[PDB]
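Novice: Got a structure here, written out as structure tokens. Questions coming.
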Amino acid sequence: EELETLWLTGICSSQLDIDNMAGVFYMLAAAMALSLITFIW
Amino acid sequence: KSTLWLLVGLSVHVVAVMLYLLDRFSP
Numbered sequence: 789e790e791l792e793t794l795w796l797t798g799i800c809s810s811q812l813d814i815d816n817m818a819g820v821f822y823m824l825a826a827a828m829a830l831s832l833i834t835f836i837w
Numbered sequence: 544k560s561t562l563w564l565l566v567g568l569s570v571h572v573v574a575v576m577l578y579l580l581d582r583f584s585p
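Order-wise, the sequence lines are chains B and A. The first sequence runs 789 to 800, 809 to 837 under the deposited numbering. The second sequence runs 544, 560 to 585 under the deposited numbering.
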């Protein structure tokens with residue numbers, strides 16, 4: 789374990813919301829779809 | 544010792575147009 793410690797070292809924060817914004821666009825498309833449902837009466 | 563906000567702005571540009579469309583459509 790000491791020699792593996794000496795000779796090995798096993799190494800290895810930002811904004812992204814493309815899934816949340818994809819849900820945003822899907823829910824607003826569903827909202828205008830519900831408006832289109834209410835349009836036919 | 560950003561671009562997604564511009565996408566949201568284009569989205570609300572769509573929103574205002576479709577709200578005026580529902581204003582004209584719905585009695």
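By construction, the Cβ of each residue, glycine as well, lies at the ideal position given by its N, Cα and C atoms.
Mind listing the chain A neighbours of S831(B)? Cutoff is C-beta to C-beta under 7 Å, in chain order.
Specialist: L580, listed in chain order.
Novice: Compare the C-beta of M823(B) with all C-beta atoms of chain A and state if any pair is closer than 8 Å.
Specialist: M823(B) does not count as touching chain A.
Novice: Check the Cβ-Cβ distances between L562(A) and every residue of chain B, and say whether any is below 8 Å.
Specialist: Yes, its Cβ sits closer than 8 Å to a Cβ of chain B.
Novice: Expressed to the nearest angstrom, what Euclidean distance is found between the alpha-carbon atoms of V575(A) and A829(B)?
Specialist: One C-alpha to the other measures close to 15 Å.
Novice: Which first and last residues belong to the alpha helix (DSSP H) in which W795(B) is found?
Specialist: Where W795(B) is concerned, the enclosing alpha helix (DSSP H) stretches over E790 to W795.
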